[PDB]
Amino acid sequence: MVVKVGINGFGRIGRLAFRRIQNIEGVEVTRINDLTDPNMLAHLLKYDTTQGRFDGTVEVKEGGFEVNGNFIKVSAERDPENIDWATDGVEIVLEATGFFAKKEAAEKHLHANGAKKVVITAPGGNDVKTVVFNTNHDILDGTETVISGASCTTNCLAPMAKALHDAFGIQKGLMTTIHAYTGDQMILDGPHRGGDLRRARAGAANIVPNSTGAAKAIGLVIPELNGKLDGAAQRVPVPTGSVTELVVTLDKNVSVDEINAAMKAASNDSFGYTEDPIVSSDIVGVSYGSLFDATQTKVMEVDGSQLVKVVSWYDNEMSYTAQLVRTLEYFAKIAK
């Protein structure tokens, strides 16, 4: 009754997903594929700048490493169609490299003696179901071969936008996420391999504007909001931890207290609520996908009409990963 999982890309999301999977019964990781040797991967699992020391033992072995005595095979195949996942019983692959985040590319894992299903740890295109756990995981039926866990920002934005929309009716909106720098930025100014003149700049030494598709693509998660939102990011020098601001007009006039109460009423394991005046370091490592912050709510009313601002925190690392593993765990129970 345990589904065997493989991780392609033992990066920030891959390693934290591995960490969370150590505390759930329904799945286990039997194989990791990356581009390096087992000693590099074992060391990066054991020691983690932002998420702390690993909870357990890690011992490098020939061809893999042992976690609390259990051997995990490590391979270094650059091409997914060359990974023989089935040899190690792997049925579902977490595709966490950032290089195969579309249906046709992720399908490369599904070859003979490969895997059966793929969860992309990122937006995966419009022909792949895009799931924010506890907002729209109802759309899965288990027959899908490739699904998407969406982005960090989408998992933050979606429960907040859904709750506000259901209560008051979102007409239109603009989003800004103030976001930690990530591994797709350069450590120091240099050529960006994706052509982005702003991610080319030193990520820990600048406020860096950058594009994000979370608001424009929200219809994959909340169909009623298709075509109603847009937004962007300001990437700033913290190594993890982020926040999403959303400014909207609504069908109903509201008060600050009414907004905050509507968010609290929607709170659950994915969507948290706080009235404490926290800062970004306080959400590093949290398990909420989105933490609504009532201290930042604003309503600007002039001449009987309002602009409404709502703000939610997210650890783009652990908040996203908690949501990803919730979706993986659910998908594994229904996969067919």
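Residues carry their position along the shown sequence, with the first being 1.
- Between 159 to 167 and 126 to 134, the higher mean Cα B-factor belongs to 126 to 134.
- On average the C-alpha atoms of 98 to 106 have higher B-factors than those of the other stretch, with 98 to 106 and 228 to 236 being the two compared.
- Per the deposited coordinates, the residue with the largest Cα temperature factor out of 249, 87, 182, 176 is 87.
- Out of 274, 296, 290, 68, the entry records its largest CA B-factor for 68.
- Residue 270: CA B factor in the middle third of modelled residues in this chain (values from the PDB entry).
- Split the chain's modelled residues into thirds by C-alpha temperature factor. Residue 223 is in the highest one.
- Annotation for residue 28: CA B-factor lies in the highest third of the chain's modelled residues.
- Compared with the other modelled residues of the chain, the Cα B-factor recorded for residue 190 ranks in the lowest third.
- When the modelled residues of the chain are ordered by C-alpha B-factor, residue 111 sits in the highest third.
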